[PDB]
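Novice: Experimental coordinates follow, after the sequence.
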Amino acid sequence: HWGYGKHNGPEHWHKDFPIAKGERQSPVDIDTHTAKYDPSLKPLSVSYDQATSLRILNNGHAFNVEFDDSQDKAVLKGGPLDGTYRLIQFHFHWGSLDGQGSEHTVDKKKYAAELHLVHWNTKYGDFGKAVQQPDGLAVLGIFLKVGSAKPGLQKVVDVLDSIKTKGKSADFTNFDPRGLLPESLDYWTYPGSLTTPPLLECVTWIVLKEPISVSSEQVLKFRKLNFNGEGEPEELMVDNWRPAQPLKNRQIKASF
Ligand SMILES: [Hg+2]
Ligand SMILES: [Zn+2]
């Protein structure tokens, strides 16, 4: 199936997912000179004080920290959005080296990693219905650079041990996502898609200007994960990022 290797990588995704060549693909390079300041864009509203994390799972392409979205406990609203979006899960994309790992690029600059906070439009009732709508999902994208440790990320780091291989899961309660947020909420927004198959063009991307820094030892731990299932030949989970796609007919707006 699809993956990130030279034989099943992003360059091959179109064969099974023709929308890989669609008009609103993600990620893209954020050219800051061309992005347009939109004074009509409201401030982001992040309400995560009632967030209920449940578990973490190695899905074979990343590790997802899953949230209870049966009620409006952790929501995203405002910015360029109309309505309430509920947090379903958060995951990352990282590199084999500190010089790459992010999906989105700013002036072609790649970061060490990229965090994606996935939310679905509550007017569609379920995540699976939201995925059939142009305004179905809202993804908060946060860049990671190597520097000082991110205090807030250590519980995630520490549990990786336990979900080393694909299909493995561990209980993961009382994790507060607020500890992964940069100080500033300034952002860039554009209409896009999922970055992995099925690549559905249902996303409203919100990529924060300010990166969060993490230590070298923290990102090191992410690189110890495996794409493979237990008892299979070891393949380190590294470089699980999709390169920039053509902006085509779109406008990147800035909140600042
Ligand atoms: Hg869609
Ligand atoms: Zn992602």
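Specialist: It's in. Residues are numbered from 1 along each chain as shown. Ligands and ions are numbered 1, 2, ... in the order given.

Novice: Every contact and neighbour count from this point should use C-alpha atoms.
Specialist: Fine.

Novice: My guess is residue 108 contacts residue 32. True?
Specialist: No - assessed by C-alpha atoms under 8 Å, residue 108 is found out of contact with residue 32, at 10.1 Å.

Novice: elements contacting the helix or strand where residue 139 lies?
Specialist: In the assignment (DSSP states H and E), residue 139 maps to strand 137-146. Secondary-structure packing of strand 137-146 (3 or more C-alpha pairs under 8 Å, 6 or more residues apart in numbering; DSSP states H and E): strand 113-121, strand 203-208, strand 212-214.

Novice: Now the following helix or strand past that strand - C-alpha only, CSV.
Specialist: On the C-terminal side of strand 137-146, the closest following helix or strand by DSSP H and E is helix 154-159. Output of helix 154-159 as CSV, limited to C-alpha atoms (Å, rounded to 0.1, in the frame of the first residue of the first chain):
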residue,chain,number,x,y,z
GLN,A,154,7.6,15.2,27.1
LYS,A,155,4.6,12.9,28.0
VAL,A,156,4.2,12.2,24.3
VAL,A,157,7.9,11.5,24.0
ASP,A,158,8.0,9.1,27.0
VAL,A,159,5.2,6.9,25.7
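
Novice: mind listing the strands for the stretch 151-256 of the chain?
Specialist: 169-171, 187-192, 203-208, 212-214, 253-254 (DSSP state E, counting those that start in this stretch).

Novice: Can I get those in JSON lines including mean neighbour count and distance to ligand 1?
Specialist: Below are the strands of the stretch 151-256 of the chain laid out as JSON lines (neighbours: other C-alpha atoms under 10 Å; distance: least, C-alpha to the ion, whole Å):
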{"stretch": "strand 169-171", "mean neighbour count": "16", "distance to ligand 1": "29"}
{"stretch": "strand 187-192", "mean neighbour count": "23", "distance to ligand 1": "9"}
{"stretch": "strand 203-208", "mean neighbour count": "25", "distance to ligand 1": "7"}
{"stretch": "strand 212-214", "mean neighbour count": "20", "distance to ligand 1": "29"}
{"stretch": "strand 253-254", "mean neighbour count": "22", "distance to ligand 1": "20"}
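
Novice: how far away is residue 16 from residue 195?
Specialist: Using C-alpha to C-alpha, to the nearest Å, residue 16 is found at 15 Å from residue 195.

Novice: Those two: which has the busier surroundings?
Specialist: Taking other C-alpha atoms under 10 Å, residue 16 and residue 195 do not tie; residue 195 has more neighbours (20 against 12).

Novice: The protein against ligand 1: which residues are in contact?
Specialist: 132, 133, 134, 201, 202 (C-alpha under 5 Å from the ion).

Novice: Return the members of those classed as buried.
Specialist: In terms of neighbour count (16 or more other C-alpha atoms under 10 Å), the buried residues within the residues of the chain next to ligand 1 are 201, 202.

Novice: Between the residues of the chain next to ligand 1, which sits nearest residue 150?
Specialist: residue 202 (30.9 Å; C-alpha to C-alpha).

Novice: Just the angle for the strand holding residue 139 relative to strand 113-121, thanks.
Specialist: 160 degrees (axes from the mean of the first three to the mean of the last three C-alpha atoms, to 10 degrees).

Novice: in its sheet, what does strand 137-146 sit against?
Specialist: Its sheet considered, strand 137-146 pairs with strand 113-121 (antiparallel), strand 203-208 (parallel), strand 212-214 (parallel) by DSSP bridges.

Novice: List the contacts of the residue of the chain found nearest ligand 1.
Specialist: Residue nearest to ligand 1 within the chain: residue 202 (3.4 Å; C-alpha to the ion). Neighbouring residues of residue 202 by C-alpha atoms under 8 Å, 6 or more residues apart in numbering: 130, 131, 132, 133, 134, 135, 136, 137, 191, 192, 193, 194.
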